[PDB]
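Beneath this line is the structure, given in structure tokens, with notes to follow.
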Amino acid sequence: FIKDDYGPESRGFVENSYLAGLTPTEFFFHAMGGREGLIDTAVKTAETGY
Amino acid sequence: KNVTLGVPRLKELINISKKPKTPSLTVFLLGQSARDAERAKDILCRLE
Amino acid sequence: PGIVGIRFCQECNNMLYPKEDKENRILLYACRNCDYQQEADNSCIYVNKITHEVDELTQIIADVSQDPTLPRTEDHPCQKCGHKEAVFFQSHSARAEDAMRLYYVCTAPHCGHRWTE
DNA sequence: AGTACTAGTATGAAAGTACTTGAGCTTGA
DNA sequence: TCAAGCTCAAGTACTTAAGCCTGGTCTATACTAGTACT
Ligand SMILES: [Zn+2]
Ligand SMILES: [Zn+2]
């Protein structure tokens with residue numbers, strides 16, 4: 001992407017559905033949004049148990 | 001207005017920590033300053 | 001008003017300091033490590049911009065026009081030489097307050113003209 | 001008698017709360 | 001006006017960070033003293 005692109009594609013909006021398949025970058029951003037799910041689930045359990 | 005919720009807010013109430021991440025105070029207005037936005041912004045300037 | 005600036009002594013090359021002449025009521029600068037004194041021409045000493053409306057056209061470098069990663073439009077022609085390519089970018093500055101304003105830098109060699117719309 | 005080898009013994013990217021110490025201010029002599 | 005006492009604030013030090021379960025690999029070295037061989 002070009003510097004200072006605030007458009008929907010550059011900032012992570014994925015316009016493809018799992019069926020048509022994600023394009024390369026949308027695959028990476030989709031992986032960045034899923035890492036935040038894995039991390040929370042690993043962190044919160046040890047706090048909710050203490 | 002971003003406030004803390006979920007488990008991070010639960011440690012605050014339980015531990016009764018002196019300094020919460022997000023202290024907040026809701027304020028209600030009595031007279032005509034409640035209905036009018038202009039009369040309200042006046043009190044708004046007095047609290048800030 | 002001016003953002004003022006430093007002055008240096010001419011002997012030990014230290015920082016001159018402003019001081020007041022009590023007899024003539026004239027602002028002076030004096031190094032503290034010698035007797036050198038000089039009269040203040042500017043008459044302003046300490047100036048501080050809190051609102052700090054800042055002119056970015058002073059910070060922008062003309063060499064920016066060589067970056068492939070910046071966008072460019074032929075919509076906005078150069079103001080000086082009338083060149084069509086202009087490579088525009090935002091503040092790129094922390095503590096910019098709120099600015100999405102684009103700054104324009106003229107491409108083509110050595111023009112380097114920098115404007116804002 | 002001296003030297004070498006082997007065996008045994010000796011030693012960056014925590015956070016928060018509470019307590020103690022120091023400094024400053026006020027009162028009394 | 002000076003000294004003493006009390007209170008407040010700041011800095012430093014001490015205690016905790018999930019529950020159960022399955023596998024594996026690895027565990028001193030150095031110095032000194034005594035004994036044996038050349
Ligand atoms: Zn000097
Ligand atoms: Zn130009």
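By order of appearance in the structure tokens: chains A, B, ..., then residues from 1 within every chain, and ligands from 1 in the order shown.
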Name the residues in contact with residue D:7 at a cut-off of 12 Å, using only C-alpha atoms (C1' of nucleotides), excluding same-chain residues fewer than 4 positions from it; report them as an MDAnalysis selection string. chainID E and resid 31:35
Could you list, with a cut-off of 8 Å and counting only C-alpha atoms, the residues of chain C near chain A, each shown with its nearest atom pair and the distance in Å rounded to one decimal, rows sorted by chain and ascending number, as JSON lines?
{"residue": "C:69", "atom": "CA", "partner": "A:2", "partner_atom": "CA", "distance": 5.2}
{"residue": "C:70", "atom": "CA", "partner": "A:3", "partner_atom": "CA", "distance": 5.3}
{"residue": "C:71", "atom": "CA", "partner": "A:2", "partner_atom": "CA", "distance": 6.2}
{"residue": "C:89", "atom": "CA", "partner": "A:4", "partner_atom": "CA", "distance": 6.7}
{"residue": "C:90", "atom": "CA", "partner": "A:4", "partner_atom": "CA", "distance": 6.9}
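Distance check against chain A using only C-alpha atoms (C1' of nucleotides): of E:18, E:7, E:1, E:12, the minimum falls on E:18.
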I need the contact residues of chain D against chain B, so if you could list those with any atom within 12 Å, counting only C-alpha atoms (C1' of nucleotides), and return them as a ChimeraX atom specification, that would help. /D:15-17
Generate the output file for the selected residues, N, CA, C and O atoms (P, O5', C5', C4', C3', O3' and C1' of nucleotides), as a PDB file, in the first residue's frame.
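Resulting contents of part_26.pdb:
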ATOM      1  P    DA D  15       3.595  -3.145  34.982  1.00  0.00           P
ATOM      2  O5'  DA D  15       2.311  -2.983  35.909  1.00  0.00           O
ATOM      3  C5'  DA D  15       1.472  -4.102  36.175  1.00  0.00           C
ATOM      4  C4'  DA D  15       0.880  -4.016  37.570  1.00  0.00           C
ATOM      5  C3'  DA D  15       0.795  -2.607  38.149  1.00  0.00           C
ATOM      6  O3'  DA D  15      -0.290  -2.539  39.030  1.00  0.00           O
ATOM      7  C1'  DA D  15       2.077  -3.859  39.568  1.00  0.00           C
ATOM      8  P    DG D  16      -1.005  -1.134  39.306  1.00  0.00           P
ATOM      9  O5'  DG D  16      -1.637  -1.375  40.745  1.00  0.00           O
ATOM     10  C5'  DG D  16      -1.775  -2.705  41.233  1.00  0.00           C
ATOM     11  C4'  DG D  16      -1.603  -2.767  42.731  1.00  0.00           C
ATOM     12  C3'  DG D  16      -1.874  -1.466  43.464  1.00  0.00           C
ATOM     13  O3'  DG D  16      -2.329  -1.757  44.745  1.00  0.00           O
ATOM     14  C1'  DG D  16       0.285  -2.104  43.906  1.00  0.00           C
ATOM     15  P    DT D  17      -3.458  -0.868  45.442  1.00  0.00           P
ATOM     16  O5'  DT D  17      -3.224  -1.262  46.962  1.00  0.00           O
ATOM     17  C5'  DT D  17      -2.699  -2.563  47.265  1.00  0.00           C
ATOM     18  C4'  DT D  17      -1.810  -2.548  48.488  1.00  0.00           C
ATOM     19  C3'  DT D  17      -2.077  -1.405  49.443  1.00  0.00           C
ATOM     20  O3'  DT D  17      -1.756  -1.792  50.736  1.00  0.00           O
ATOM     21  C1'  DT D  17       0.125  -1.306  48.765  1.00  0.00           C
TER      22       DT D  17
END
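The part of chain B that reaches within 12 Å of chain A is made up of residues 6, 7, 8, 9, 10, 11 and 14 of chain B, counting only C-alpha atoms.
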When you look at residue C:34 with a cut-off of 12 Å (counting only C-alpha atoms (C1' of nucleotides)), what residues show up, excluding the ones that are within fewer than 3 positions of it in the same chain? I need them as a list in words. residues 9, 10, 11, 12, 13, 14, 15, 16, 17, 29, 30, 31 and 37 of chain C
Skipping near chain neighbours, those fewer than 4 positions away, what residues fall within 7 Å of stretch 41-55 of chain C using only C-alpha atoms (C1' of nucleotides), listed as JSON, numbers by chain? {"C": [3, 4, 27]}
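Taking atom CA of residue B:21 and atom CA of residue A:34 as endpoints, the distance between them is 26.4 Å.
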Would you list, as a compact mmCIF listing (two decimals) with N, CA, C and O atoms, in the first residue's frame, the residues of chain C that end up in helix (DSSP H, G or I) under DSSP run on this structure's backbone?
# COMPACT_ATOMS: atom_id res chain seq x y z
N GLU C 56 4.24 23.62 8.52
CA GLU C 56 4.94 22.43 8.08
C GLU C 56 5.73 22.66 6.81
O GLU C 56 6.73 21.97 6.59
N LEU C 57 5.35 23.65 6.00
CA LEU C 57 6.07 23.94 4.77
C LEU C 57 7.54 24.24 5.05
O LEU C 57 8.37 24.19 4.14
N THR C 58 7.86 24.59 6.29
CA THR C 58 9.26 24.83 6.64
C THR C 58 10.00 23.53 6.90
O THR C 58 11.20 23.43 6.62
N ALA C 62 12.48 18.92 0.14
CA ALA C 62 12.15 18.78 -1.27
C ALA C 62 12.54 17.41 -1.81
O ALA C 62 12.02 16.99 -2.84
N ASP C 63 13.46 16.72 -1.14
CA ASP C 63 13.90 15.41 -1.61
C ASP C 63 12.81 14.36 -1.53
O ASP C 63 12.94 13.30 -2.13
N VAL C 64 11.74 14.64 -0.79
CA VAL C 64 10.63 13.71 -0.60
C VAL C 64 10.05 13.29 -1.94
O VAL C 64 9.48 12.20 -2.06
N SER C 65 10.25 14.10 -2.98
CA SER C 65 9.67 13.81 -4.28
C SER C 65 10.23 12.56 -4.94
O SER C 65 9.77 12.20 -6.02
N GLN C 66 11.24 11.92 -4.36
CA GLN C 66 11.85 10.74 -4.96
C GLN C 66 11.34 9.44 -4.36
O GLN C 66 11.82 8.38 -4.76
At a cut-off of 12 Å, list the chain E residues touching chain A, using only C-alpha atoms (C1' of nucleotides), as a CSV table (one decimal) with C-alpha atoms (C1' of nucleotides), in the first residue's frame.
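Below is the file result_18.csv, written as the result:
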chain,number,residue,atom,x,y,z
E,16,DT,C1',1.6,-12.5,44.8
E,17,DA,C1',0.7,-13.9,39.5
E,18,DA,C1',-4.9,-21.2,36.6
E,19,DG,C1',-6.8,-25.9,37.1
At a cut-off of 8 Å around ligand 2, and using only C-alpha atoms (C1' of nucleotides) and all ligand atoms, what residues come up? Please write them as a ChimeraX atom specification. /C:77-84,106-108,111-113
Please provide as a list in words all residues within 10 Å of residue B:22, with the sequence filter that same-chain residues fewer than 6 positions apart are discarded (counting only C-alpha atoms (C1' of nucleotides)). residues 1, 2, 3, 4, 5 and 9 of chain B
What parts of stretch 60-91 of chain C does DSSP call strand (DSSP E or B)? I'd like the answer as a ChimeraX atom specification. /C:73,86-89
Deliver the residues from the most recent selection as a file, using N, CA and C atoms, as a PDB file, in the first residue's frame.
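What follows is the written file again.pdb:
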ATOM      1  N   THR C  73      -0.647  12.818  -7.849  1.00  0.00           N
ATOM      2  CA  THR C  73      -1.741  13.171  -8.731  1.00  0.00           C
ATOM      3  C   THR C  73      -1.263  14.171  -9.764  1.00  0.00           C
ATOM      4  N   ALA C  86       2.519  15.967  -8.768  1.00  0.00           N
ATOM      5  CA  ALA C  86       2.703  16.450  -7.409  1.00  0.00           C
ATOM      6  C   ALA C  86       2.537  15.278  -6.463  1.00  0.00           C
ATOM      7  N   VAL C  87       3.508  15.072  -5.585  1.00  0.00           N
ATOM      8  CA  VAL C  87       3.486  13.953  -4.656  1.00  0.00           C
ATOM      9  C   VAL C  87       3.074  14.438  -3.276  1.00  0.00           C
ATOM     10  N   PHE C  88       1.876  14.071  -2.855  1.00  0.00           N
ATOM     11  CA  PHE C  88       1.260  14.636  -1.670  1.00  0.00           C
ATOM     12  C   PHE C  88       1.261  13.658  -0.507  1.00  0.00           C
ATOM     13  N   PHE C  89       1.300  14.199   0.705  1.00  0.00           N
ATOM     14  CA  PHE C  89       1.367  13.392   1.913  1.00  0.00           C
ATOM     15  C   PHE C  89       0.838  14.213   3.077  1.00  0.00           C
TER      16      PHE C  89
END
